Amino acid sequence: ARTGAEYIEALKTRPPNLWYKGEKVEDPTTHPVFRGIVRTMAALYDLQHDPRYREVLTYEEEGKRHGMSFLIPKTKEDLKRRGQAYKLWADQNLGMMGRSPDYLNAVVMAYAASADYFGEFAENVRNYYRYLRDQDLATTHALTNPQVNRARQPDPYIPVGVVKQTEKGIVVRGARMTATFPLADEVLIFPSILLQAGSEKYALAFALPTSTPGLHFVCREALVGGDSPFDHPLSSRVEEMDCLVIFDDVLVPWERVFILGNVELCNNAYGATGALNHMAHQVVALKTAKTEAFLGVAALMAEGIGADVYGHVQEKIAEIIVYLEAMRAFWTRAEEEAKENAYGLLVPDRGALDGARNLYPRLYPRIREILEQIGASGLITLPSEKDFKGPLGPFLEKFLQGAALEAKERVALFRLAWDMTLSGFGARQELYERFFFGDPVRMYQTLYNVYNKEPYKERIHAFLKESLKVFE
């Protein structure tokens, strides 16, 4: 429903409380560090109004059209529709934008369908879902706790906790270490870390406008690099930004509270509501798109330099193909095996999604490595468009050709491969893939604990009956 113009106007009128290198960012839509991603998100919103993609990206309901990521799926076909929307948006940025709002709309959609889970705060959840849906707003998630130097009563508000409760709502103080893509209208403070018994003061779930007084987003090093599409094909447009989120006695209205002082409710929220399943559904579609981009670049690089005649290179590209097919397989099974949860919400299969989200963090570094191995040293000496336009341009056109590519074309392609792997932007993507869904160690331990291993244990026990029978 939202247009790119509406999104841009919203951030310009009520900008997120962003700070960059010790200074407040007055207008992120024009600031050199953020204007690129803002334009990109704006383009994602505009695509919703392109007739060619209207049916893929939006659905009609009572005379209004809403983004597909808000659709509460009733059938497997509806799930497929949500998946197609995730994929189309992902493809626009070669799967490089990892925290586009549809992944969180998936979470809020599930929370709302499973609103009974929240008890007294159920209506708050349903109303918030309707607000985000109707206004088609952008969201960001603030997660991870700070640490305290115990080498130095103690301050109980380092991590975000409730200072007090009033007739208007709750006052919170503390910080969240990470919020990716802060160019949003709203920030969600939902649990991503297990809470131990006694941590009620920190067991909260709520949402706030990003301009809320007392709320501050502190940026890390900008990885944009430049505006030239030739020199910085990806960083010039898909640099989402990561930030520290500070809560200085922030007032959270009661209407925006979803969970308050309940350890168990927080710990089981994502799984019980189905938010885990739906957000992971967006993720598998996203990573399929990302892998497709790497396959395309690898294939073009190999052909462009005539390296495709080498068995070694063909094998590496085939390896990327195997991984692409693995991700497509997880995506297909996630949808085909979907079943309704305790609240009647159809959710994609967790086994398939757990497989995808626990395997891709291992596959990605290898996919990145493969591109480095194909490009080799050719990725480390790429000139700028300015050099082609300068006095030595003629020399560059004569010396920077590929076995099957003209100079400008080869450099444009290798600059993209470089931006996908070795630029500050590209390297960040690696760290991001390794950890965005959580620490792999914890994720694997979680998978071990939740998985029903009984059918297999029983089959082996049955098979061993003949072994123990020798003693009869």
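When you see a residue number, it is the position in the sequence shown, counting from 1.
In this entry, residue 152 is separated from residue 153 by 4 to 9 residues of the deposited sequence that have no coordinates. When 104-112 is weighed against 355-363, 104-112 comes out higher, by mean CA B-factor as recorded in the entry. In this entry, 388-396 has the higher mean Cα B-factor, the comparison being between 388-396 and 316-324. When the Cα B-factors of 383, 83, 233, 95 are read from the PDB record, 383 comes out highest.
Set against one another, the Cα B-factors of 278, 164, 141, 333 in the record reach their highest point at 164. In the PDB entry, a CA B factor belonging to the middle third of its chain's modelled residues is recorded for residue 406. Among all modelled residues in this chain, the alpha-carbon of residue 124 has a temperature factor (C-alpha) in the middle third. For residue 378, the recorded CA B-factor ranks within the highest third of the chain. Only modelled residues enter the ranking. Remark: residue 273 belongs to the lowest third of its chain, ranked by C-alpha B-factor as recorded. Per the PDB record, residue ranking by Cα B-factor puts residue 430 in the lowest third of the chain.
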